[PDB]
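The chain below stands alone, shown as structure tokens; this is the form deposited in one PDB entry.
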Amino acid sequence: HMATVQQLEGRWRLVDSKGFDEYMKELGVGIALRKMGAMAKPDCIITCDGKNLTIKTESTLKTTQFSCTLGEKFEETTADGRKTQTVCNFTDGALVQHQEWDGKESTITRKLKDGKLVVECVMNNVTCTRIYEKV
């Protein structure tokens, strides 16, 4: 019969939201932060342990980086604000992404090495090495 505070425990996904912007205006929150807050579709995570309550928030940001056909050059607009002429190929066991802009070039190689994705980014001298687990 009775609602207890422990029943509120779990992961809650936002499905509907009405009056957010008005309410934020009443608190005196700025336009940019009102809009950004009203956009996000956060998970709410509630934990109650007897009398101790914690509320947390989870936002996942999903971006398509690029979408291409292998061996066909295409214009990429990069997160740092370059417009590159790019082409991805498959040569000698590695996915090679080649970027050209403003007389410059940068390569980004992706390969498997012991069940892990090794990403190697080169620009002039400089290598950035990133490693990922399959999940």
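Throughout, rigid core stands for the largest set of C-alpha atoms superposing within 1.5 Å between the two forms. Shifts are known only where both forms have a C-alpha. Counting begins at 1, following the sequence as shown.
The same protein also exists as the form deposited in another entry; that form is not shown, yet it is the one meant from here on.
Once both forms are overlaid on the rigid core, the distance between the two CA positions of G50 between this form and the one not shown is 2 angstroms or more. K116: CA moves less than 2 Å between this form and the one not shown after rigid-core fitting.
Listed in sequence order, the runs of at least 3 residues with C-alpha movement of 2 Å or more between this form and the one not shown, after fitting the core, amount to a single one: 3 to 64.
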